[PDB]
Amino acid sequence: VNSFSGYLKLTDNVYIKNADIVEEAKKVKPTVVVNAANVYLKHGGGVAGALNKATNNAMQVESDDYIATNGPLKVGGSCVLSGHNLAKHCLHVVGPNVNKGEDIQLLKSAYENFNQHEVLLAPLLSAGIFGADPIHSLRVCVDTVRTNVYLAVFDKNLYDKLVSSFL
Ligand SMILES: O=C(Nc1ccccc1)Nc1ccc(C(=O)N[C@@H]2c3cccc(O)c3C[C@@H]2C(=O)O)cc1
């Protein structure tokens, strides 16, 4: 039993809710919140900018030290950093950014990072300003992630479409 409320169950392990991931993180304080990161961990917009803002820029400060030590992530890769005031941990996952021409097949590799964590609060990878089709992203999520994932979808119109079109 966990503390996530109001989710629709899509499969054995995938749940979805129309919610602001920042507000959901602030209320649940999950073990892991997933960030829609880029390889530089520059949290300027989209989910990343919102999560970083909610940490009063502490996420960005920690991220800049991580990059200075380790260099950029790979597209499809991830790193575990602090969750600050939002979660125990933040899993920064780099989905491909279609608006940069990155290979959409890397989306499956990106979702594979979720399997290293038993339970996660997460956005749809590569959705929003990353330019992928969120319906495709949801399909890859369901077909790749085997651990328990609670997806927060900010846009109500998109949430309903995602639900209504889900196979
Ligand atoms: O800024 C906050 N919250 C907040 C921050 C500071 C203080 C208080 C509250 N939230 C927030 C901001 C942006 C996003 C976001 O870009 N969504 C994306 C979106 C939008 C439309 C269609 C989409 O396919 C997607 C993908 C992504 C998502 O829905 O996952 C999501 C959440």
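Parameters and conventions
- Residues numbered from 1 in each chain as written, not as in the entry; some residues may be left out.
- Heavy atoms only, no water.
- Helix = DSSP H or I, 4+ residues; strand = E, 2+ residues; numbered from the N terminus.
- Buried < 20%, exposed > 50% of the residue type's maximum accessible area, 1.4 Å probe, protein only.
- Contact = heavy atoms within 4.5 Å.
- Areas by Shrake-Rupley, 256 points an atom, 1.4 Å probe, with all protein chains shown as cover.
- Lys, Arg positive; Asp, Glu negative; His and termini not counted.
- Charge placed at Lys NZ, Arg CZ, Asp CG, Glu CD.
- 1 Å grid on protein atoms, 1.4 Å probe; cavity = no way out; pocket = protein on both sides within 12 Å on 5 of 7 lines; lining within 4 Å.
- Points joined across faces, edges and corners; volume = space filled by probe spheres on them.
- Nonpolar A, V, L, I, M, F, W, Y, C, P; charged D, E, K, R; others polar.
- Near = heavy atom within 4 Å.
- Polar contact = N/O pair within 3.5 Å; in protein donor to acceptor, adjacent residues only side chain to side chain.
- Sits in = over half its atoms within 2 Å of the grid points.
- Axes fitted to C-alpha atoms, helices over the stretch in contact; angles between N-to-C directions.
- Parallel < 35°, antiparallel > 145°, perpendicular 65-115°, else oblique.
- Left-handed = near helix turned anticlockwise from the far one by under 90°.
- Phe/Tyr/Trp six-rings, centres within 6.5 Å; stacked < 30°, edge-to-face > 60°.

Trainee: What's the story with the overall build of the chain in this structure? I'm lost.
Mentor: Along the backbone of the chain there are 6 helices and 7 strands. Starting at the N terminus and walking to the C terminus, you meet the elements of the chain as β-β-α-β-α-α-β-β-α-β-α-β-α. Principal-axis analysis of the C-alpha atoms places the extent of the chain at approximately 45 × 35 × 25 Å. Per-residue burial for the chain yields a buried fraction of 51% across its 167 residues. Partitioning the contacts of the chain with sequence separation of at least 6, the portion at a separation of at least 24 is 66%. For the chain, the computed accessible surface area is about 8,100 Å², with 51% contributed by carbon and sulfur atoms. Counting 15 positive and 15 negative side-chain charges, the chain places the centres of these two groups 3 Å from one another.

Trainee: Sorry, what's going on with the layout of surface pockets here?
Mentor: Any empty space left between atoms is shown by rolling a water-sized probe over those atoms. Considered as a void within the structure, the largest pocket measures approximately 490 Å³ in volume. Lining the largest pocket are 23 residues, with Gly-46, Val-47, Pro-123, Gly-128 and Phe-154 positioned closest to its centre. Listing elements by their share of the lining of the largest pocket, those giving two or more residues are α1 (21-28), α2 (46-54) and β7 (148-153). Ranked by the residues each element gives to the lining of the largest pocket, the list is headed by α2, at 6 residues. Class assignment for the residues of the lining of the largest pocket results in 17 nonpolar, 3 polar and 3 charged.

Trainee: Which parts of the structure should I look at to understand the site of the ligand?
Mentor: All residues adjacent to the ligand are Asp-20, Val-22, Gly-46, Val-47, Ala-50, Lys-53, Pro-123, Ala-127, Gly-128, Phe-154 and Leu-158. In this structure, a nitrogen atom belonging to the ligand sits 3.0 Å away from a side-chain N or O atom of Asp-20. Measuring from an oxygen atom of the ligand, one finds a backbone N or O atom of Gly-128 at 3.1 Å. In isolation the ligand exposes 660 Å². Once the protein is present, 70% of that is buried. Because more than half of its atoms lie within 2 Å of the grid, the ligand is assigned to the largest pocket. Residue contributions to the shell around the ligand peak at 4 residues, all from α2. For the shell around the ligand, the residue count by class is 7 nonpolar, 2 polar and 2 charged.

Trainee: Help me understand the environment of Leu-10 in this model?
Mentor: Secondary-structure assignment places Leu-10 in the loop between β1 (8-9) and β2 (14-18). A relative accessible area of 17% places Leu-10 in the buried class. With 157 residues separating them along the chain, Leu-10 and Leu-167 place their C-alpha atoms 9.2 Å apart. Setting aside residues no more than four positions away along its own chain, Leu-10 makes contact with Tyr-15, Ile-16, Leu-138 and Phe-166.

Trainee: Could you clarify how one ought to interpret the packing of helix α5 (residues 134-144) against helix α6 (residues 156-164) in this entry?
Mentor: Two numbers describe a pair of packed helices, the interaxial angle and the distance between the axes. Contact pair α5 / α6: the axes reach a minimum separation of 10 Å and the direction vectors enclose 55°. Taken together, the axes of α5 and α6 are oblique relative to one another. Viewed along their axes, α5 and α6 form a crossing whose handedness is right-handed. Contacts between α5 and α6 involve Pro-134, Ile-135 and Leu-138 from the first element and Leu-158, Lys-161 and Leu-162 from the second. Among the residues making up the contact of α5 with α6, the classes are represented as 5 nonpolar, no polar and 1 charged.

Trainee: What is the right way to read the packing of aromatic side chains from this model?
Mentor: Two measures describe an aromatic ring pair: the distance that separates the ring centres and the angle between the ring planes. Enumeration according to the criterion identifies 5 aromatic pairs in this entry. Summarising the aromatic geometry, the rings of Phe-4 and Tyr-7 are spaced 5.5 Å apart at their centres and angled 85° between planes, so their arrangement reads as edge-to-face. The exposure class of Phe-4 is buried, given its relative accessible area of 13%. When the ring of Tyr-7 is compared with that of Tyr-150, the centres are 4.9 Å apart and the planes differ by 90°; the resulting orientation is edge-to-face. Linking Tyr-7 in the segment before β1 with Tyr-150 in strand β7, this pair joins segments that are 143 residues apart in sequence.

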